[PDB]
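Trainee: Provided herewith: upload_1.csv, CSV, C-alpha atoms and all ligand atoms.
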chain,number,residue,atom,x,y,z
P,3,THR,CA,-17.9,16.1,8.2
P,4,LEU,CA,-14.3,17.5,8.1
P,5,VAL,CA,-13.3,18.9,4.7
P,6,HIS,CA,-9.7,18.6,3.5
P,7,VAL,CA,-9.1,20.7,0.3
P,8,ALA,CA,-6.1,19.8,-1.8
P,9,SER,CA,-3.7,22.7,-2.0
P,10,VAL,CA,-0.9,22.5,-4.6
P,11,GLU,CA,2.6,23.1,-3.1
P,12,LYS,CA,3.3,26.7,-4.0
P,13,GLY,CA,4.3,27.1,-7.7
P,14,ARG,CA,4.9,23.3,-8.2
P,15,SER,CA,4.0,21.4,-11.3
P,16,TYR,CA,4.4,17.9,-12.9
P,17,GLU,CA,8.2,18.3,-13.4
P,18,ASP,CA,8.8,19.0,-9.7
P,19,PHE,CA,7.0,15.8,-8.6
P,20,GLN,CA,8.7,13.8,-11.4
P,21,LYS,CA,12.0,14.8,-9.8
P,22,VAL,CA,10.8,13.6,-6.4
P,23,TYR,CA,9.6,10.3,-8.0
P,24,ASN,CA,13.0,10.0,-9.7
P,25,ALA,CA,14.9,10.5,-6.4
P,26,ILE,CA,12.7,7.8,-4.7
P,27,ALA,CA,13.2,5.5,-7.7
P,28,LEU,CA,17.0,6.0,-7.8
P,29,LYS,CA,17.2,5.3,-4.1
P,30,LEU,CA,15.1,2.1,-4.5
P,31,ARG,CA,17.7,1.0,-7.1
P,32,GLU,CA,20.7,2.0,-4.8
P,33,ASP,CA,19.5,0.5,-1.5
P,34,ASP,CA,19.1,-3.0,-2.9
P,35,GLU,CA,20.3,-5.0,0.1
P,36,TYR,CA,17.4,-4.2,2.4
P,37,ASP,CA,15.4,-7.2,3.8
P,38,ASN,CA,17.6,-9.9,2.2
P,39,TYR,CA,17.6,-8.1,-1.2
P,40,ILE,CA,13.9,-7.6,-1.4
P,41,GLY,CA,14.6,-3.9,-1.4
P,42,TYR,CA,12.4,-1.1,-0.1
P,43,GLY,CA,9.6,-1.3,-2.7
P,44,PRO,CA,7.2,-3.5,-0.7
P,45,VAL,CA,7.6,-1.6,2.6
P,46,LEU,CA,6.9,1.7,0.8
P,47,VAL,CA,3.7,0.2,-0.7
P,48,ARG,CA,2.6,-0.9,2.8
P,49,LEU,CA,3.5,2.5,4.2
P,50,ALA,CA,1.3,4.3,1.6
P,51,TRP,CA,-1.6,1.9,2.4
P,52,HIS,CA,-1.3,2.3,6.2
P,53,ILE,CA,-1.1,6.1,6.1
P,54,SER,CA,-4.3,6.0,4.0
P,55,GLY,CA,-6.1,3.1,5.7
P,56,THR,CA,-6.8,5.0,8.9
P,57,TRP,CA,-9.6,6.9,7.0
P,58,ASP,CA,-13.1,6.7,8.2
P,59,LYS,CA,-15.8,7.7,5.6
P,60,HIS,CA,-18.2,8.6,8.4
P,61,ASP,CA,-16.4,11.6,9.7
P,62,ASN,CA,-13.4,12.0,7.3
P,63,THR,CA,-11.0,11.4,10.2
P,64,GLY,CA,-7.6,9.8,9.3
P,65,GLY,CA,-6.6,9.3,5.7
P,66,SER,CA,-3.4,10.3,3.8
P,67,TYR,CA,-4.1,14.1,3.7
P,68,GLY,CA,-2.7,15.2,7.0
P,69,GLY,CA,0.6,13.3,6.9
P,70,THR,CA,0.0,12.3,10.5
P,71,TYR,CA,2.2,9.2,10.4
P,72,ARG,CA,5.1,11.6,11.3
P,73,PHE,CA,3.6,11.9,14.9
P,74,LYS,CA,4.5,9.3,17.5
P,75,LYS,CA,0.9,8.1,18.3
P,76,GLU,CA,0.6,6.9,14.7
P,77,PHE,CA,4.2,5.9,14.0
P,78,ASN,CA,4.1,3.8,17.2
P,79,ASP,CA,0.8,2.0,16.3
P,80,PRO,CA,1.5,-1.7,16.7
P,81,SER,CA,-0.2,-2.1,13.3
P,82,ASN,CA,2.6,0.0,11.8
P,83,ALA,CA,5.6,-2.0,13.2
P,84,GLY,CA,8.3,-2.2,10.6
P,85,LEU,CA,7.1,0.9,8.6
P,86,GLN,CA,9.8,3.0,10.3
P,87,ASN,CA,12.1,1.4,7.7
P,88,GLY,CA,10.1,3.1,5.0
P,89,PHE,CA,10.0,6.4,6.8
P,90,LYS,CA,13.8,6.3,7.2
P,91,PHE,CA,14.1,5.6,3.5
P,92,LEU,CA,12.0,8.6,2.7
P,93,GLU,CA,13.8,11.0,5.1
P,94,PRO,CA,16.7,12.0,2.7
P,95,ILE,CA,14.1,12.5,0.0
P,96,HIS,CA,12.2,14.9,2.2
P,97,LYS,CA,15.4,16.7,3.1
P,98,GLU,CA,16.2,17.2,-0.6
P,99,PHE,CA,12.6,18.3,-1.4
P,100,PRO,CA,11.5,20.0,1.8
P,101,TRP,CA,8.6,21.7,0.0
P,102,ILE,CA,6.6,18.4,-0.5
P,103,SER,CA,4.0,17.7,2.2
P,104,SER,CA,4.3,14.5,4.3
P,105,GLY,CA,1.1,12.9,2.9
P,106,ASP,CA,2.2,13.7,-0.6
P,107,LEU,CA,5.6,12.1,0.1
P,108,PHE,CA,4.3,8.9,1.7
P,109,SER,CA,1.6,8.4,-1.0
P,110,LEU,CA,4.1,9.1,-3.8
P,111,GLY,CA,6.5,6.6,-2.3
P,112,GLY,CA,3.9,3.9,-2.8
P,113,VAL,CA,3.1,5.0,-6.4
P,114,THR,CA,6.8,5.1,-7.2
P,115,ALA,CA,7.4,1.6,-5.6
P,116,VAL,CA,4.5,0.0,-7.5
P,117,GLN,CA,5.7,1.5,-10.9
P,118,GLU,CA,9.4,0.8,-10.4
P,119,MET,CA,8.5,-2.9,-9.5
P,120,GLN,CA,6.9,-3.1,-13.0
P,121,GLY,CA,3.3,-2.7,-11.7
P,122,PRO,CA,0.7,-0.6,-13.4
P,123,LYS,CA,0.9,3.2,-13.8
P,124,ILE,CA,-0.9,4.8,-10.8
P,125,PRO,CA,-2.1,8.3,-11.5
P,126,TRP,CA,-1.3,10.6,-8.5
P,127,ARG,CA,-2.5,13.9,-7.3
P,128,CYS,CA,-0.6,16.4,-5.2
P,129,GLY,CA,-2.0,18.8,-2.6
P,130,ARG,CA,-2.1,16.9,0.7
P,131,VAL,CA,-1.4,19.4,3.5
P,132,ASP,CA,0.3,18.6,6.8
P,133,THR,CA,-2.1,18.9,9.8
P,134,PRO,CA,-1.4,19.3,13.5
P,135,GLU,CA,-0.6,16.5,16.0
P,136,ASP,CA,-4.1,16.6,17.4
P,137,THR,CA,-5.5,15.4,14.1
P,138,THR,CA,-3.6,12.1,14.3
P,139,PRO,CA,-6.1,9.2,14.4
P,140,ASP,CA,-6.0,6.8,17.3
P,141,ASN,CA,-4.5,3.3,16.9
P,142,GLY,CA,-6.8,0.4,15.9
P,143,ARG,CA,-8.2,1.5,12.6
P,144,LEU,CA,-6.0,-0.8,10.5
P,145,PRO,CA,-7.2,-4.4,9.9
P,146,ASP,CA,-6.6,-7.6,11.8
P,147,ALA,CA,-5.0,-10.6,9.9
P,148,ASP,CA,-6.6,-13.5,11.9
P,149,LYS,CA,-10.2,-12.9,10.7
P,150,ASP,CA,-12.6,-14.2,8.0
P,151,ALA,CA,-14.1,-12.9,4.8
P,152,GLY,CA,-17.0,-11.3,6.6
P,153,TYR,CA,-14.6,-9.3,8.7
P,154,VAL,CA,-12.6,-8.2,5.6
P,155,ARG,CA,-15.8,-7.1,3.8
P,156,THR,CA,-17.2,-5.1,6.7
P,157,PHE,CA,-13.7,-3.6,7.5
P,158,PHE,CA,-13.3,-2.2,4.0
P,159,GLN,CA,-16.8,-0.7,3.9
P,160,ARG,CA,-15.3,2.0,6.3
P,161,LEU,CA,-12.8,2.8,3.4
P,162,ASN,CA,-15.7,2.8,0.9
P,163,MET,CA,-14.2,-0.2,-0.9
P,164,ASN,CA,-16.4,-2.9,-2.6
P,165,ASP,CA,-15.6,-6.6,-3.2
P,166,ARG,CA,-13.7,-6.0,-6.4
P,167,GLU,CA,-11.7,-3.1,-4.9
P,168,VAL,CA,-10.8,-5.2,-1.9
P,169,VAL,CA,-9.7,-8.2,-3.9
P,170,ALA,CA,-7.7,-6.0,-6.3
P,171,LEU,CA,-6.0,-4.2,-3.4
P,172,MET,CA,-5.1,-7.5,-1.7
P,173,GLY,CA,-3.0,-8.5,-4.7
P,174,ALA,CA,-0.3,-6.3,-3.2
P,175,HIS,CA,0.3,-9.3,-0.9
P,176,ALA,CA,2.4,-10.8,-3.7
P,177,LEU,CA,5.0,-8.3,-2.6
P,178,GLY,CA,7.6,-8.5,0.1
P,179,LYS,CA,7.0,-10.7,3.2
P,180,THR,CA,5.7,-10.9,6.7
P,181,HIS,CA,8.2,-10.6,9.6
P,182,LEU,CA,7.5,-12.4,12.9
P,183,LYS,CA,8.8,-9.4,15.0
P,184,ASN,CA,6.5,-6.9,13.3
P,185,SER,CA,3.2,-8.7,13.0
P,186,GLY,CA,3.4,-12.2,14.4
P,187,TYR,CA,3.5,-13.8,10.9
P,188,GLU,CA,6.5,-15.1,9.1
P,189,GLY,CA,7.3,-15.6,5.4
P,190,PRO,CA,7.9,-16.1,2.6
P,191,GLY,CA,11.7,-16.4,2.9
P,192,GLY,CA,13.2,-17.7,-0.4
P,193,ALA,CA,9.9,-17.3,-2.3
P,194,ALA,CA,9.7,-13.6,-1.5
P,195,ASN,CA,9.2,-11.2,-4.6
P,196,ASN,CA,9.8,-7.6,-5.5
P,197,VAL,CA,8.1,-7.6,-8.9
P,198,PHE,CA,4.5,-6.6,-9.2
P,199,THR,CA,2.4,-9.3,-10.9
P,200,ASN,CA,-0.9,-11.1,-10.4
P,201,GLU,CA,0.9,-14.0,-8.7
P,202,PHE,CA,-1.1,-13.6,-5.4
P,203,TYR,CA,-4.2,-14.9,-7.2
P,204,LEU,CA,-2.4,-17.7,-9.0
P,205,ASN,CA,-0.8,-18.8,-5.7
P,206,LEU,CA,-4.2,-18.8,-3.9
P,207,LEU,CA,-5.8,-21.0,-6.5
P,208,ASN,CA,-2.9,-23.3,-7.4
P,209,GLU,CA,-0.8,-24.0,-4.3
P,210,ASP,CA,-1.4,-26.8,-1.8
P,211,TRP,CA,-2.1,-24.8,1.3
P,212,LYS,CA,-1.6,-26.2,4.9
P,213,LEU,CA,-3.0,-24.4,7.9
P,214,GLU,CA,0.0,-24.3,10.3
P,215,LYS,CA,1.0,-22.5,13.5
P,216,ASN,CA,4.1,-20.2,13.3
P,217,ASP,CA,6.6,-19.5,16.1
P,218,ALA,CA,4.4,-16.7,17.5
P,219,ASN,CA,1.6,-19.3,17.9
P,220,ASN,CA,-0.6,-17.8,15.2
P,221,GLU,CA,-2.2,-19.7,12.3
P,222,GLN,CA,-1.2,-19.0,8.8
P,223,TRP,CA,-1.5,-20.9,5.5
P,224,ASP,CA,1.8,-22.3,4.1
P,225,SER,CA,2.7,-24.1,0.9
P,226,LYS,CA,5.4,-26.6,0.1
P,227,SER,CA,6.8,-24.1,-2.4
P,228,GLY,CA,7.4,-21.7,0.5
P,229,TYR,CA,4.5,-19.3,-0.1
P,230,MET,CA,2.3,-18.0,2.7
P,231,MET,CA,-1.1,-16.4,3.1
P,232,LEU,CA,-2.7,-14.7,6.1
P,233,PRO,CA,-6.1,-16.0,7.2
P,234,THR,CA,-7.6,-12.9,5.7
P,235,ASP,CA,-5.8,-13.6,2.4
P,236,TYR,CA,-7.1,-17.2,2.3
P,237,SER,CA,-10.6,-15.9,3.1
P,238,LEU,CA,-10.7,-14.6,-0.5
P,239,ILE,CA,-11.0,-18.2,-1.7
P,240,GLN,CA,-13.4,-19.3,1.1
P,241,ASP,CA,-16.0,-16.7,0.2
P,242,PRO,CA,-17.8,-17.4,-3.1
P,243,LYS,CA,-18.0,-13.8,-4.2
P,244,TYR,CA,-14.4,-13.1,-3.5
P,245,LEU,CA,-13.4,-16.4,-5.1
P,246,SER,CA,-15.0,-15.4,-8.5
P,247,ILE,CA,-12.9,-12.2,-8.5
P,248,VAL,CA,-9.7,-14.0,-7.5
P,249,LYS,CA,-10.2,-16.3,-10.5
P,250,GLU,CA,-10.8,-13.3,-12.8
P,251,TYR,CA,-7.5,-11.6,-11.8
P,252,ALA,CA,-5.6,-15.0,-11.9
P,253,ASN,CA,-6.7,-15.2,-15.5
P,254,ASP,CA,-6.3,-11.6,-16.7
P,255,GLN,CA,-3.0,-9.7,-15.8
P,256,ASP,CA,-4.2,-6.5,-17.6
P,257,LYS,CA,-7.5,-6.4,-15.8
P,258,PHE,CA,-5.9,-6.9,-12.5
P,259,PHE,CA,-3.4,-4.0,-13.3
P,260,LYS,CA,-6.2,-1.7,-14.3
P,261,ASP,CA,-8.4,-2.4,-11.3
P,262,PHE,CA,-5.5,-2.3,-8.8
P,263,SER,CA,-4.4,1.1,-10.3
P,264,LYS,CA,-7.9,2.6,-9.8
P,265,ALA,CA,-8.4,1.1,-6.3
P,266,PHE,CA,-4.9,2.2,-5.1
P,267,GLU,CA,-5.3,5.7,-6.4
P,268,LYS,CA,-8.8,5.9,-4.7
P,269,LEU,CA,-7.3,4.5,-1.4
P,270,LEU,CA,-4.6,7.2,-1.5
P,271,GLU,CA,-7.1,10.0,-2.2
P,272,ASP,CA,-9.9,9.0,0.2
P,273,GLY,CA,-10.8,12.0,2.3
P,274,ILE,CA,-9.4,14.7,-0.1
P,275,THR,CA,-11.6,17.3,-1.9
P,276,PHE,CA,-9.9,18.3,-5.2
P,277,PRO,CA,-11.0,21.8,-6.4
P,278,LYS,CA,-12.5,21.8,-9.8
P,279,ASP,CA,-9.5,23.8,-11.2
P,280,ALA,CA,-6.9,21.5,-9.5
P,281,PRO,CA,-4.4,20.0,-11.9
P,282,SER,CA,-5.2,16.7,-13.5
P,283,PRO,CA,-3.6,13.6,-12.0
P,284,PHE,CA,0.0,13.1,-12.9
P,285,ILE,CA,1.3,9.9,-14.5
P,286,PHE,CA,5.0,9.6,-13.8
P,287,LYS,CA,7.4,8.0,-16.2
P,288,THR,CA,9.5,5.2,-14.7
P,289,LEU,CA,13.3,5.5,-14.7
P,290,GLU,CA,13.4,2.9,-17.4
P,291,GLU,CA,11.0,5.0,-19.6
P,292,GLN,CA,13.3,8.0,-19.1
P,293,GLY,CA,16.5,6.1,-19.9
P,294,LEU,CA,17.7,6.8,-16.3
P,301,LIG,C1,-7.3,-7.3,5.3
P,301,LIG,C2,-6.4,-6.4,4.9
P,301,LIG,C3,-4.9,-6.6,5.2
P,301,LIG,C4,-4.3,-7.2,6.3
P,301,LIG,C5,-4.9,-7.9,7.4
P,301,LIG,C6,-2.9,-7.0,6.1
P,301,LIG,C7,-1.9,-7.5,6.9
P,301,LIG,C8,-0.5,-7.5,6.7
P,301,LIG,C9,0.5,-8.1,7.5
P,301,LIG,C10,0.3,-8.7,8.9
P,301,LIG,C11,1.7,-7.9,6.9
P,301,LIG,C12,3.1,-8.2,7.5
P,301,LIG,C13,3.8,-7.0,8.1
P,301,LIG,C14,5.2,-7.4,8.6
P,301,LIG,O1,5.3,-8.4,9.3
P,301,LIG,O2,6.2,-6.8,8.2
P,301,LIG,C15,1.5,-7.2,5.7
P,301,LIG,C16,2.4,-6.8,4.8
P,301,LIG,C17,2.2,-6.2,3.6
P,301,LIG,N1,1.0,-5.6,3.2
P,301,LIG,FE1,-0.8,-6.0,4.0
P,301,LIG,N2,-2.6,-6.3,4.9
P,301,LIG,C18,-3.9,-6.0,4.4
P,301,LIG,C19,-4.1,-5.3,3.2
P,301,LIG,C20,-3.1,-4.7,2.4
P,301,LIG,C21,-3.3,-3.7,1.4
P,301,LIG,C22,-4.7,-3.2,0.9
P,301,LIG,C23,-2.1,-3.4,0.8
P,301,LIG,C24,-1.7,-2.4,-0.3
P,301,LIG,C25,-2.5,-2.3,-1.4
P,301,LIG,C26,-1.1,-4.2,1.6
P,301,LIG,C27,0.3,-4.2,1.3
P,301,LIG,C28,1.2,-4.9,2.0
P,301,LIG,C29,2.6,-5.1,1.5
P,301,LIG,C30,3.2,-4.6,0.3
P,301,LIG,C31,3.2,-5.9,2.6
P,301,LIG,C32,4.7,-6.4,2.7
P,301,LIG,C33,5.6,-5.4,3.4
P,301,LIG,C34,7.0,-5.8,3.5
P,301,LIG,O3,7.5,-6.6,2.8
P,301,LIG,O4,7.7,-5.2,4.4
P,301,LIG,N3,-1.7,-4.9,2.5
P,301,LIG,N4,0.1,-7.0,5.5
P,302,LIG,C1,0.3,-10.3,4.4
P,302,LIG,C2,1.4,-10.7,3.4
P,302,LIG,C3,2.4,-9.8,3.0
P,302,LIG,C4,3.3,-10.1,2.0
P,302,LIG,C5,3.3,-11.4,1.4
P,302,LIG,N1,4.2,-11.7,0.5
P,302,LIG,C6,2.3,-12.3,1.8
P,302,LIG,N2,1.3,-11.9,2.7
P,302,LIG,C7,0.3,-12.9,3.1
Can you present the structure in this file as structure tokens?
Ligand code: HEM
Ligand SMILES: Cc1ccc(N)c[n+]1C

Mentor:
Amino acid sequence: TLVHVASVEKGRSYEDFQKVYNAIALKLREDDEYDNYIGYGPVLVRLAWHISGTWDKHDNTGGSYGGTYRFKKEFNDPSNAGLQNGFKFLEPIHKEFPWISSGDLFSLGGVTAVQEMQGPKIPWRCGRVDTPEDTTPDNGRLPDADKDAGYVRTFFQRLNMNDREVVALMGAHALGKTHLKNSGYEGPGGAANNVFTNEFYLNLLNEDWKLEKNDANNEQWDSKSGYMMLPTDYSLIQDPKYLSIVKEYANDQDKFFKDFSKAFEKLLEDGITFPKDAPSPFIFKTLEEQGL
């Protein structure tokens, strides 16, 4: 019912946002030690997802538009524990480019992270506008990890995502790790990765998974190679419809990249009305492509 119309930051164009992208990317390169040398890429992807994943298609509450993660109710959501690291990373970027909206910054952080981690290009649109503290969605809109495929499927209908979009998005769980103090899940340690590939799907299909209890007394799936999956991750191979799609992405890197790009852009744009004369989506060059 609420309408959020994208409004381009005054006078700004592609080159302005490429500069912001570049600053994020240069800081990703510089701050390499974070989380035992994983770096900030994975947490920035999770931040972009969590600021977007509060959306409810029924009333257009939540979503990335309003930048409401900057308000304490949302930044203190138990579901967001650990994301303060990503926010702190983005603070000096926002100070350098104070003209960018909070939603644009948080979402751009995720795009930049995916691309700099050698993921697909993610087209990105500007024009999110900060909204007041009373527009902050209540806690409890982000998903639980201890549930089954039916829970996941129903959960993602609220975000207008179908089976293929859900399975594609979940491939982000190749990135980074779980931290017991944040979520009650732990790992991987030495098997953690900061390069974007389709390995989530290959690992689901090819590892010898054991259902174990962690030190927080929660169940998770662990392999002898040191990989781990949440119950919701493992549900993608328990449900026959999800399983077919897992097999598809395990066997086609390009298809996975293309589907993830579309689903991730969609996620980041849910709730936003783009005027018919809005700029086209921007596709930012990586530092590597720029020789930087
Ligand atoms: C059923 C849906 C999902 C559930 C239950 C879930 C749950 C979790 C949990 C519990 C963690 C660990 C947090 C921590 O301990 O630091 C995590 C991490 C992560 N999630 Fe998800 N997630 C879901 C979907 C997604 C989606 C759609 C994306 C993005 C496309 C995403 C991206 C990430 C990333 C990149 C990390 C690693 C963060 C880091 O290394 O600091 N997740 N997720
Ligand atoms: C939920 C999650 C996040 C990161 C990684 N690497 C694995 N999993 C299962």

Trainee: When you draw a straight line from CA of residue 273 (chain P) to CA of residue 104 (chain P), how long is it in Å?

Mentor: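 Between these atoms lies a distance of 15.4 Å.
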
Trainee: CA of residue 229 (chain P) and atom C2 of ligand LIG 302 (chain P), how far apart in Å?

Mentor: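 Interatomic distance, atom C2 of ligand LIG 302 (chain P) to CA of residue 229 (chain P): 9.8 Å.
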
Trainee: Using CA of residue 117 (chain P) and CA of residue 264 (chain P) as the two end points, give the distance in Å to one decimal.

Mentor: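 Taking CA of residue 117 (chain P) as the start and CA of residue 264 (chain P) as the end point, the length is 13.7 Å.
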
Trainee: For a cut-off of 10 Å around (-8.3, 21.2, -7.3), file coordinates, pick out all residues using all atoms listed in the file and list them as a list in words.

Mentor: residues 7, 8, 9, 10, 127, 128, 129, 274, 275, 276, 277, 278, 279, 280, 281 and 282 of chain P

Trainee: Show which residues sit within 12 Å of residue 114 (chain P), as a PyMOL selection string. Count only C-alpha atoms, and ignore same-chain residues fewer than 5 positions away.

Mentor: chain P and resi 19-31+42-47+50+92+106-109+119-126+284-289

Trainee: Residues within 8 Å of ligand LIG 302 (chain P) (all atoms listed in the file), as a ChimeraX atom specification?

Mentor: /P:147,174-180,189-190,194-195,229-232,235

Trainee: Counting all atoms listed in the file, figure out which residue out of P:60, P:249, P:183, P:243 gets nearest to residue 217 (chain P).

Mentor: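 Looking at the shortest contact to residue 217 (chain P), the residue is P:183.
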
Trainee: Nearest to residue 41 (chain P): which of P:290, P:118, P:254, P:188 is it, counting all atoms listed in the file?

Mentor: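 Residue with the minimum atom-to-atom distance to residue 41 (chain P): P:118.
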
Trainee: Between P:197, P:131, P:270, P:218, which one has atoms that come closest to residue 6 (chain P), using all atoms listed in the file?

Mentor: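 For residue 6 (chain P), the nearest of the candidates is P:131.
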
Trainee: Counting only C-alpha atoms and all ligand atoms, figure out which residue out of P:140, P:79, P:146, P:33 gets nearest to ligand LIG 301 (chain P).

Mentor: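 Result for the nearest residue to ligand LIG 301 (chain P): P:146.
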
Trainee: How big is the axis-aligned box around all listed atoms of region 178-195 of chain P once 3 Å goes on each side, and where's its centre, in Å to one decimal, as JSON?

Mentor:
{"center_x": 8.2, "center_y": -12.3, "center_z": 5.2, "size_x": 16.0, "size_y": 16.8, "size_z": 25.6}

Trainee: Would you list the contacts of residue 53 (chain P) as a PyMOL selection string, taking every protein, DNA or RNA residue within 8 Å and counting all atoms listed in the file, but skipping same-chain residues closer than 3 positions in sequence?

Mentor: chain P and resi 49-50+56+65-66+69-71+105+108-109

Trainee: Filtering to C-alpha atoms, could you give me those residues as a CSV table (one decimal), in the coordinates of the input?

Mentor:
chain,number,residue,atom,x,y,z
P,49,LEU,CA,3.5,2.5,4.2
P,50,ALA,CA,1.3,4.3,1.6
P,56,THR,CA,-6.8,5.0,8.9
P,65,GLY,CA,-6.6,9.3,5.7
P,66,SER,CA,-3.4,10.3,3.8
P,69,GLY,CA,0.6,13.3,6.9
P,70,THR,CA,0.0,12.3,10.5
P,71,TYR,CA,2.2,9.2,10.4
P,105,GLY,CA,1.1,12.9,2.9
P,108,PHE,CA,4.3,8.9,1.7
P,109,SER,CA,1.6,8.4,-1.0

Trainee: Set the distance at 7 Å and use all atoms listed in the file: which residues neighbour residue 11 (chain P) once local chain neighbours fewer than 3 positions away are removed? I'd like the list as number ranges by chain.

Mentor: P: 14, 101-102, 129

Trainee: Go through P:173, P:228, P:80, P:111 and flag the residue nearest ligand LIG 301 (chain P), using all atoms listed in the file for the distances.

Mentor: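 Closest candidate: P:173.
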
Trainee: Generate a file for region 57-92 of chain P, containing C-alpha atoms, as a compact mmCIF listing (two decimals), in the first residue's frame.

Mentor:
# COMPACT_ATOMS: atom_id res chain seq x y z
CA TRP P 57 10.32 -6.32 3.08
CA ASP P 58 6.68 -7.43 3.14
CA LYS P 59 4.99 -7.50 -0.28
CA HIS P 60 1.56 -7.21 1.35
CA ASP P 61 1.91 -3.65 2.66
CA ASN P 62 5.36 -2.55 1.29
CA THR P 63 6.74 -2.19 4.80
CA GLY P 64 10.46 -2.79 5.37
CA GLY P 65 12.77 -3.17 2.39
CA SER P 66 16.02 -1.40 1.44
CA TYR P 67 14.48 1.94 0.44
CA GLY P 68 14.33 3.74 3.78
CA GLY P 69 17.83 2.93 5.07
CA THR P 70 16.24 2.08 8.40
CA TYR P 71 19.08 -0.22 9.56
CA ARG P 72 20.71 3.00 10.86
CA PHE P 73 18.05 3.09 13.64
CA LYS P 74 18.58 1.13 16.85
CA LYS P 75 15.49 -1.09 16.69
CA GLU P 76 16.78 -2.61 13.44
CA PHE P 77 20.51 -2.49 14.08
CA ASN P 78 19.81 -4.27 17.40
CA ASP P 79 17.64 -7.01 15.84
CA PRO P 80 19.05 -10.30 17.13
CA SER P 81 18.83 -11.50 13.47
CA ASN P 82 21.34 -8.76 12.59
CA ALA P 83 24.01 -9.62 15.20
CA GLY P 84 27.44 -9.15 13.63
CA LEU P 85 26.28 -6.78 10.87
CA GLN P 86 27.52 -3.85 12.94
CA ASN P 87 30.93 -4.82 11.51
CA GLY P 88 29.65 -4.09 8.00
CA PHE P 89 28.07 -0.83 9.12
CA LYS P 90 31.35 0.26 10.71
CA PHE P 91 33.18 -0.62 7.49
CA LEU P 92 30.78 1.61 5.50
